[PDB]
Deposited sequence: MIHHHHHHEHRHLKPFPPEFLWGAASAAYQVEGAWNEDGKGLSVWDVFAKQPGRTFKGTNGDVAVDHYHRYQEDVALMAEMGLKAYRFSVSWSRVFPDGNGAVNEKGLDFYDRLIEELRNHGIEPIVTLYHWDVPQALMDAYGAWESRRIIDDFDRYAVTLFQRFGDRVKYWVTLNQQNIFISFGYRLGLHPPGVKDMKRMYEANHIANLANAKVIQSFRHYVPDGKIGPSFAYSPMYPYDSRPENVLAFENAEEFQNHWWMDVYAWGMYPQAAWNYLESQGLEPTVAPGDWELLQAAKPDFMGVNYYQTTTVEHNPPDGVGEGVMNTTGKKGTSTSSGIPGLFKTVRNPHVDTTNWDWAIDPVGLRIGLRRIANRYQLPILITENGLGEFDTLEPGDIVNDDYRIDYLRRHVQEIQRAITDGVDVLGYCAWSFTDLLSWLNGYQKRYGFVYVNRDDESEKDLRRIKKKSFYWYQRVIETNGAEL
């Protein structure tokens, strides 16, 4: 017998501020690191950027009406720090807070639970300019002051809060790969910034207990569960390495306040472990979250990687390998819904934490057919499979608090423009112009509306 979805299950959808809002210089908003980075020649496809995006800042009432038509139970969005504190620290911008107050009131007037994400990659450029943003301990108290302001203004109306969204991505892409701001390729700097973001996460959860005593808070991790390629002992060992280095390095700090030892000793052998200060362990261990957020798209399969080896990986630790036993998307991402169940089981088995699935979805090149019809059965199929696996995980005993499909409307991607679309709601624009920004319900919109209405009772 499958257990049903629980009666207050948060059937959601999600977005991120830079990806949706526009209004990049309006109402006293300050520059974020992404306003500046995306304007560097050549960094984004066809120079696309978040100046306008899908103009949710101006069109939020129409978008919340679509959410109410769908009957969403929750909408997860992120707050743009630069709207609230244009310079990151210093004077609060009341017009910025008032946008989010208006958005929260519009949600709540339609019965939709806001899920507020503190941070989605958009630290104010002034903090970068002053002290290098996440590479300074200065950001711990600046971030905390920003979070506390939000908690004080919104904590009576928002129960569910996400702190750092996909820290592993903004830190790795920003400091190891150089693909995101600040465009650094230096693993030593990566691991120091990562440590400071860990401390900032723990500081804000501690502050949350003072200001939002009935609320629920947690980080959200971009989780690709690792698989060994096969039962070759060296491949299993590669999996142990990979899961610990890629996944436990973040989630064990979130859940337990401790880095895992093998990965720590590997980094220490390379001169890459972060600088620890007095009080750091105590802080990290004291700030227990209410849930683990999970952003999930796919699993990763790994095999042995010798010390002169690579596919991506770490010599002597693991390399990636294509999994012959899963379907692939048109971008060569795995489609692995059973992998979601595995990841959920791993989190519950390791940390005994409830899970909020903060992001999961399918990106594809959607065609707008005559009569403003988008037939995205491929998206319904992906979503369906994943939601069925969630139910299996709940039946196994995992506490899943909700599921936020990525995304509600189509939105701007960070580096690749607009054409690989993720929304329930098509936005008429493309990489060359904003067109009219009209909202058009896709077939998937109506599919999810029926999943919600029936609490997943079948799909």
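When the deposited sequence is numbered from 1, the segments without any C-alpha atom are 1-11, 322-336.
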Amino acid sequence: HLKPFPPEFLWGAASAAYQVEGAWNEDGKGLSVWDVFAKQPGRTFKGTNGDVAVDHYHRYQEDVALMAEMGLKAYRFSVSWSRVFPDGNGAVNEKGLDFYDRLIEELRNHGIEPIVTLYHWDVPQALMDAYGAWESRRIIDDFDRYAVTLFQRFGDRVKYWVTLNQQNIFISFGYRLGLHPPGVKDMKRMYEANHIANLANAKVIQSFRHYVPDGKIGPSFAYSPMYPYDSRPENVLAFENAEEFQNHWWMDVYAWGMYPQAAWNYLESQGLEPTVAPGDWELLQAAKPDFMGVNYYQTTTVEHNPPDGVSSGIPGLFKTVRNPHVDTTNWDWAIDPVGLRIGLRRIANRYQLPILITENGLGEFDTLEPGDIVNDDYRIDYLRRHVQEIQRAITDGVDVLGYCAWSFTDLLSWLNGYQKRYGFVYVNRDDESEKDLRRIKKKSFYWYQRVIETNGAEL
From here on, numbers count along this sequence of modelled residues.
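A summary of the deposited B-factors shows that, of 13-21 and 442-450, the stretch with the larger mean C-alpha value is 442-450. The stretch 97-105 shows the higher mean C-alpha B-factor when 97-105 is compared against 250-258 in the entry. When the C-alpha B-factors of 110, 203, 83, 209 are ranked from the entry, the top spot goes to 110.
Among 378, 151, 131, 351, the highest C-alpha B-factor in the deposited entry belongs to 378. For residue 367, the recorded CA temperature factor ranks within the highest third of the chain's modelled residues. Among the modelled residues of the chain, residue 423 sits in the middle third by CA temperature factor in this PDB entry. When all modelled residues of the chain are sorted by CA temperature factor, residue 157 is found within the highest third.
Among all modelled residues in this chain, the alpha-carbon of residue 231 has a temperature factor (C-alpha) in the middle third.
Ranked against the other modelled residues of its chain, the C-alpha B-factor of residue 31 as given in the entry falls in the lowest third.
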